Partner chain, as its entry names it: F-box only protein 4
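The form deposited without its partner chain is given below as one chain in structure tokens.
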């Protein structure tokens, strides 16, 4: 029966939406906690569920973008990882593209995270001795004072410059964890986590 098959596919789409929100919340918490292996396994589950979803609401696209952004940040030092069809794009460059695409308020924290990802996208290339790649990442990102300081550091091959210690990788991760905390607060009330929490609490 067409009608029965249709009702079941509609229910599978509702359940997939619920699973996506739950996995995003689980992924945010593993990122905030630094649970590296749980983040890897959760990322695998979220990716698979996303492939079983076709039509997306604006809320679901934002949820997917957040999962993809955290995945790229977690792989920010893995210059061998190719997240885009254009193989030249580094993981932090991919994270920056998603950050600029999310339907979200452009507050002070948004811009601080944005600039820290720009500095570290160059820094990670320098730390690996990839000086020509650093200058190419520089050209793609900036395509005045902040910009000229970076170009001077690149041309001098000053990998461990003191500038990269004031706007360090750890500083970028901490600012991102601050944003993650707000997403965790926002998604802690979604259906599947709320129902699971009520079951656990009922057994206490």
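Numbering follows the first chain given and starts at 1. Just so we're on the same page, rigid core means the largest C-alpha set that superposes within 1.5 Å between forms.
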{"item": "Residue 144 preceded by how many uncoordinated deposited residues after residue 143", "value": "4 to 9"}
{"item": "Selected stretch [higher average CA B-factor]: 90 to 98 or 127 to 135", "value": "127 to 135"}
{"item": "Of 165 to 173 and 46 to 54, the stretch whose C-alpha atoms average the higher B-factor in the entry", "value": "165 to 173"}
{"item": "Top Cα B factor in the deposited entry, candidates 60, 68, 178, 159", "value": "159"}
{"item": "CA B-factor ranking of residue 75, expressed as a third of its chain", "value": "middle"}
{"item": "Chain thirds of CA B-factor: placement of residue 148", "value": "highest"}
{"item": "Among modelled residues of the same chain, the CA temperature factor third for residue 81", "value": "highest"}
{"item": "Chain-relative CA temperature factor third for residue 36", "value": "middle"}
{"item": "Residue 21 - Cα temperature factor, lowest/middle/highest third of chain", "value": "lowest"}
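The next section is about a form of this same protein that is not shown, the form solved in complex with its partner chain.
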item: Proximity to its partner chain in the bound PDB entry, single hit among 50, 173, 141, 150 (heavy atom within 4.5 Å); value: 50
item: 4.5 angstroms heavy atom contact with its partner chain in the bound PDB entry for residue 54; value: yes
item: Touches its partner chain in the bound PDB entry: residue 65 (any heavy atom, 4.5 Å); value: yes
item: Residues in 10 to 41 close to its partner chain in the bound PDB entry, defined by a heavy atom within 4.5 Å, in order; value: 10
item: Core superposition between the shown form and the other one, C-alpha change of residue 13 at least 2 Å; value: yes
